[PDB]
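This report refers to the structure that appears directly beneath it.
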Amino acid sequence: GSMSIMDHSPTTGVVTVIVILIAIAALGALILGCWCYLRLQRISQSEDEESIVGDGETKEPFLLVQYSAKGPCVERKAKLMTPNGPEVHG
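PDB author numbering puts the first residue of the sequence shown at 1, with every later residue one more than the last.
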């Protein structure tokens, strides 16, 4: 039974996914503002945003899981090989 508010509701889950979503959006914004959501991923000087329209939701849900898996796989291999922290390097 809920106690006036909704303690017996998945509010902790809705808040957890909203915080994670807010964090993902904030991270995406940080990458869009600091690297135009491109960060020199290829020849550059022509490529557009690679995450939602450049690659992610442009066609079919395939790019979604593709970016959902490679995004972190690339970000991890990029952070493991390079500093990826503009506070000290590119």
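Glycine residues also receive a C-beta, built at the ideal position from the N, C-alpha and C atoms.
_Under 8 Å: do the stretch 34-52 and the stretch 8-22 share three or more Cβ pairs, one atom per stretch?_
no
_In chain order, each alpha helix (DSSP H) run of at least 4 residues that lies wholly inside the stretch 1-39_ = 11-35
*Below 8 Å on the Cβ atoms is my guess for residue 64 versus residue 57; work out the distance and round it to an integer in Å.*
Taking the sequence shown and counting its residues from 1, one reaches residue 64 at position 64. Taking the sequence shown and counting its residues from 1, one reaches residue 57 at position 57. With 8 Å as the limit, residue 64 and residue 57 qualify as a contact, their Cβ atoms being about 6 Å apart.
*asked:* Between the alpha carbons of residue 41 and residue 10, how many angstroms are there, rounded?
replied: Here residue 41 refers to the residue found at position 41 of the sequence shown. Here residue 10 refers to the residue found at position 10 of the sequence shown. So the two alpha carbons sit approximately 39 Å from each other.
*Are residue 48 and residue 67 closer than 8 Å when you measure CB to CB?*
In the sequence shown, the residue the question calls residue 48 occupies position 48. In the sequence shown, the residue the question calls residue 67 occupies position 67. Not a contact, by the Cβ cut-off of 8 Å.
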